[PDB]
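4 protein chains.
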Amino acid sequence: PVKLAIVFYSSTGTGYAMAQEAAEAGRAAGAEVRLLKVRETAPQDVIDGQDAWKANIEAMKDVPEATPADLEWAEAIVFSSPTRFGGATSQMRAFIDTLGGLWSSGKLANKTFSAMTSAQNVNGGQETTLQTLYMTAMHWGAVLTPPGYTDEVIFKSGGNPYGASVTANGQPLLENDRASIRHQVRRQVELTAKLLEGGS
Amino acid sequence: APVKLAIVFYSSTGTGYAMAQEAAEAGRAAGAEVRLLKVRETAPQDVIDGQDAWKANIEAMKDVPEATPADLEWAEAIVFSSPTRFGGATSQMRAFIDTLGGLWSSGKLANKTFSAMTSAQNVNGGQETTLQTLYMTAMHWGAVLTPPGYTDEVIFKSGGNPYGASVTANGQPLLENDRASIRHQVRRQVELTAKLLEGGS
Amino acid sequence: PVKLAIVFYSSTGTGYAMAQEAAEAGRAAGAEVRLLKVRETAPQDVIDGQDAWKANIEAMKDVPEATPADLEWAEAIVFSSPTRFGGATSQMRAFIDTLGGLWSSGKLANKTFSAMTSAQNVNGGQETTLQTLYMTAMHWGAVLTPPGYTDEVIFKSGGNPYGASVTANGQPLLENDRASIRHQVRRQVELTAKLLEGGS
Amino acid sequence: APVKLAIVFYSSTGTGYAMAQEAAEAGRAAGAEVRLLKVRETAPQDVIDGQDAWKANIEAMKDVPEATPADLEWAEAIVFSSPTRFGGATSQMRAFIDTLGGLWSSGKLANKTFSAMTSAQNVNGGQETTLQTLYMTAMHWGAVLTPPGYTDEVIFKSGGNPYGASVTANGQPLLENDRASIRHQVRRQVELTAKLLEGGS
Ligand SMILES: Cc1cc2nc3c(=O)[nH]c(=O)nc-3n(C[C@H](O)[C@H](O)[C@H](O)COP(=O)(O)O)c2cc1C
Ligand SMILES: Cc1cc2nc3c(=O)[nH]c(=O)nc-3n(C[C@H](O)[C@H](O)[C@H](O)COP(=O)(O)O)c2cc1C
Ligand SMILES: Cc1cc2nc3c(=O)[nH]c(=O)nc-3n(C[C@H](O)[C@H](O)[C@H](O)COP(=O)(O)O)c2cc1C
Ligand SMILES: Cc1cc2nc3c(=O)[nH]c(=O)nc-3n(C[C@H](O)[C@H](O)[C@H](O)COP(=O)(O)O)c2cc1C
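Protein chains in written order, with the working numbering: chain A, 25 to 224; chain B, 1293 to 1493; chain C, 25 to 224; chain D, 1293 to 1493.
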């Protein structure tokens, strides 16, 4: 089976819900899935200042912490990050800035990569942030597999061809977004399988 | 003198023309001298024919002058507006941009303030990345970029696009929140360009 | 065998030099290749002003115009346009804009896509232009195979992981640029093989 | 009073630091009040220890103070400089940017002028995209962006990067054309900011 790593950062929990959805879709497609969280860097008396975040950290207590070896293990990669001024979060970048030795070893090459984001406003960096996450993947020599428009479910969720994206109001995920997420991952598993298949 | 504002738009089916007009009127209200300017339809007639709203929009813009380099040489504030074509500006919009080669070489585009707008079928299908290419382009000129950011409450009301006014096209009269975020973007730009010119001489 | 469509624009011939380089690289890899010029739109009075322009149009007089059915045909794709203020040329965009029908029949997904470009300055849009061509292919749900740093030639030619990029200076194509175009094509054909062949 | 210029930079091994210093001198010459500000280091000792160039440069910047939101509240003009890390800015630069939510929330960054610079081991290795992301970030604040464009010969001679000064970090001393450009971009920015502030005294 295909080995799928889902590396997500999430402060207040939207990204966690998204990552959870992706993992279910991966499993559903016969994939071997790791759900991995990105290490929190923020001081405790920052986290302590808002409830959602404190709560979400506790909810993800039993989720393992991502590390470069999970990407070496993985054949398909999915990065998910809330936006922070149109780019990805610093927590996520800190994790990326530690893939140097794994990069020079050449072991990042040829993994499948896609991406996901969330933001407050429909147009508050929901495209650009993925764009940064896709630039980052190119330097590895990944094969990038965004969903694009390849279904009516994309249209019905707000139409984001670059990757799944969620308007984060605190409210639970819309089923049009889950459907958009389930598609992107399932699409990516199926390609990754073909790649490996024809590679003997 | 007042601020010399040029609004250069493309529009096949009219959402672009809708926004442009509002942006033009926002500059007029804010005291600018304003020119509304359509980008030339390059498409061939038989292709245009198979789309009625396209045909109708071209008639509807019969009396709007075509954008020219002379018009950007003239202006101190520039606003570009184009529908997304696969996450980037339209081929027409870009054809005009390619005629600005000489103006560039004169240094006659530097310091002119620039901002932009777009529209698309879907809410996320290039409504940010299309603007990003047009701003990426203004930087080659030395333009002084004035995107709206979150500097008003009415940007949050429209979908919160800090890069510039973006609108979801659905053959429906522009929504009121979209117009507000346009108006603020333009008025901001004009208020900033005024300040620029003053402290100059 | 793999069907490779190299679709390029050029005014003064840098584009065309590179595109030929790519096309012969693909032939050598065992792909069935189509080298395809993008249609010239510029008014004939503009063209008659530059000598290197009039002559390049003459050189390519025997090269076929690209058409949406070429991208329906091809399983792997390479787009190559010179920069125009950090973005692709209006001609390149003109051709892209004729793909809407072929887009809504979904008939553009699952094709591999990489890009190339040429600029006058080394930092004058050799990256931002490739980023925009890649952005377009995401809307089609193409599978992006940028070369990354997967070869010592890439470092030896400026180190553009997004795609081969040349600093136009009127000269003939440098050797290292020849070789990173080769590697970029060589790679994508190899990948497309493993994707078609393992997908029956 | 003169222009308040904040030059906030990150650097592991001196390239970013040497660039940021040159920008500082340029800003003083131009007649601005200048603060050179290092982006707080956040990497764990152990991996720092791996590299002694990293360590030596951290020591070398003992008396350069650490950047703070205060320093940007203060600034009428801002310059950001981060080396490239797989195409985007370093996690450190981002971590700093991430602390600005308070300033942003009370629009306390709006209408400040803004430019970026960077460095990278490879010449086509994200010396344009890494600046592009720092500019995206600045647009969310509603900051007037003043990139250098091709507004002077020195930019052509030093690479032709109209987005911001970029440097190929190879160990060697900062080349004479790189510095000509760093100076220019800043020099230009100080002048433009003055025109803004005079324009609503
Ligand atoms: C410092 C910071 C900057 C932010 N900038 C933006 C902004 O760029 N645009 C936007 O729509 N949301 C912005 N947000 C909101 C987050 O992107 C949003 O809350 C996120 O999607 C929540 O997802 P999470 O629950 O997984 O953390 C910002 C949040 C923080 C605190
Ligand atoms: C070939 C072409 C490409 C298009 N690409 C997109 C797209 O990528 N995303 C999207 O949401 N809509 C897309 N559309 C829809 C147009 O962006 C939309 O209809 C346009 O904004 C309408 O503007 P107008 O009324 O001013 O002509 C595309 C349409 C055509 C012509
Ligand atoms: C109007 C136009 C805009 C241009 N903009 C840039 C630019 O932004 N940066 C740059 O380095 N070169 C620029 N150039 C130069 C072209 O990128 C360069 O001449 C081209 O790569 C030549 O290759 P070709 O013969 O295949 O067309 C521009 C040229 C024209 C005609
Ligand atoms: C993990 C990491 C990623 C890097 N990625 C790139 C890159 O993709 N392209 C490049 O040209 N250099 C890359 N480099 C090199 C740095 O960009 C370069 O050495 C930078 O100038 C650091 O110099 P400074 O700390 O003295 O400012 C990378 C270095 C590290 C730490």
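Here a beta-carbon is modelled for each residue, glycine too, at the ideal position from N, C-alpha and C.
- About 7 Å separates the beta carbon of C:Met42 from that of C:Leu197, a gap short enough to meet the 8 Å contact definition.
- B:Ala1412 has its alpha-carbon roughly 31 Å from the corresponding atom of D:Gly1456.
- Pairing A:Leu95 with A:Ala29 gives a Cβ-Cβ distance under 8 Å.
- When secondary structure is reduced to three states using DSSP, D:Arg1479 falls in the helix class.
- C:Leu219 and D:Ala1367 have their C-alpha atoms some 53 Å from each other.
- In chain order, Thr191 place their CB closer than 6 Å to the CB of A:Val146, counting only its own chain and leaving out the 5 sequence neighbours on each side.
- Taking 8 Å as the cut-off, the beta carbon of B:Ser1383 is found no closer than this to the beta carbon of C:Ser128.
- Put simply, the segment 1448 to 1455 of chain D does not touch the segment 1339 to 1349 of chain D. Fewer than three CB pairs are less than 8 Å apart.
- Sequence-distant partners of B:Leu1395 (beyond 5 residues in either direction) whose C-beta falls short of 7 Å from its own C-beta, in its chain, are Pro1361, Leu1364, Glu1365 and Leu1401.
- Here the residues close to ligand 3, judged by CB distance below 6 Å to any of its heavy atoms, are B:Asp1390, B:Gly1393, B:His1432, C:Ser34, C:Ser35, C:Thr36, C:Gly37, C:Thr38, C:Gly39, C:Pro106, C:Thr107, C:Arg108, C:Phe109, C:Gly110, C:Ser142, C:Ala143, C:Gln144, C:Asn145, C:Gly148, C:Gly149, C:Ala192 and D:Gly1452 in chain order.
- Listed along chain B are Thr1334, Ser1383, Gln1384, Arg1386 and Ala1387, each with a C-beta nearer than 9 Å to that of C:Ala118.
- Taking C-alpha positions only, B:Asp1390 is separated from C:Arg108 by approximately 7 Å.
- Interface criterion met: the Cβ of C:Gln155 is under 8 Å from a Cβ in chain D.
- Spanning the alpha carbons of C:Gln195 and B:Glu1420 requires a straight line of approximately 38 Å.
- In this structure D:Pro1357 is not in contact with D:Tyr1302, their Cβ atoms being roughly 14 Å apart against a cut-off of 8 Å.
- Under the Cβ distance rule, C:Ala133 counts among the residues neighbouring chain A, one pair being separated by less than 8 Å.
- Within the segment 149 to 181 of chain A, the residues whose Cβ lies closer than 8 Å to some Cβ of chain D are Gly149, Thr152, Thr156, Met159, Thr160, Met162, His163 and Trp164, listed in chain order.
- Nearest in C-alpha terms to C:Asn80, of all of C:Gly37, C:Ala100 and C:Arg51, is C:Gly37.
- Taking the beta carbon of A:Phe109 as reference, the chain D residues within 7 Å of it are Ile1389, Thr1429 and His1432, listed in sequence order.
- With respect to the C-alpha of D:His1432, the residue from A:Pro171, A:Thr153, A:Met162 and A:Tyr173 having the closest C-alpha is A:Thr153.
- Checking the DSSP bridge columns, you'll see C:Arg117 has no partner listed.
- Sequence-distant Cβ neighbours of D:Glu1314 in its own chain, meaning closer than 6 Å and more than five residues away, are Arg1471 and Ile1474.
- Excluding the 5 residues flanking it on each side, A:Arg211 has same chain C-beta neighbours closer than 6 Å at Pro171, in chain order.
- Taken atom to atom, the span from the alpha-carbon of C:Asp69 to that of B:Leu1392 is near 16 Å.
- In this structure D:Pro1454 is buried. Its beta-carbon is surrounded by 16 or more other beta-carbon atoms within 10 angstroms.
- C:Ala55 places its beta carbon 8 Å or farther from that of C:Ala90.
- Taking A:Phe137 as the centre and dropping the five residues before and after it, the same chain places the C-beta of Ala100, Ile101, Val102, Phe103, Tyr158, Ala161, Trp164, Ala166, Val167, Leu168 and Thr169 closer than 8 Å to its C-beta, in chain order.
- Annotation: the continuous beta strand (DSSP E) that includes B:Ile1299 extends over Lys1296 to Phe1301.
- The beta carbon of D:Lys1330 sits no closer than 8 Å to any beta carbon of chain B.
- Per DSSP, the continuous beta strand (DSSP E) segment holding D:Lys1330 begins and ends at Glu1325 to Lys1330.
- Cβ-Cβ distances below 6 Å link D:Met1385 to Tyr1302, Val1331 and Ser1374 in the same chain, with the five nearest sequence neighbours on each side left out; the list follows chain order.
- In this structure, the straight-line span from the alpha carbon of D:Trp1346 to that of C:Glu176 is close to 26 Å.
- Taking a beta-carbon distance threshold of 8 Å, A:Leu219 counts as an interface residue toward chain C.
- Judged by DSSP in its simplified three-state form, A:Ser181 adopts coil rather than helix or strand.
- DSSP, read as helix, strand or coil, puts B:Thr1460 in strand.
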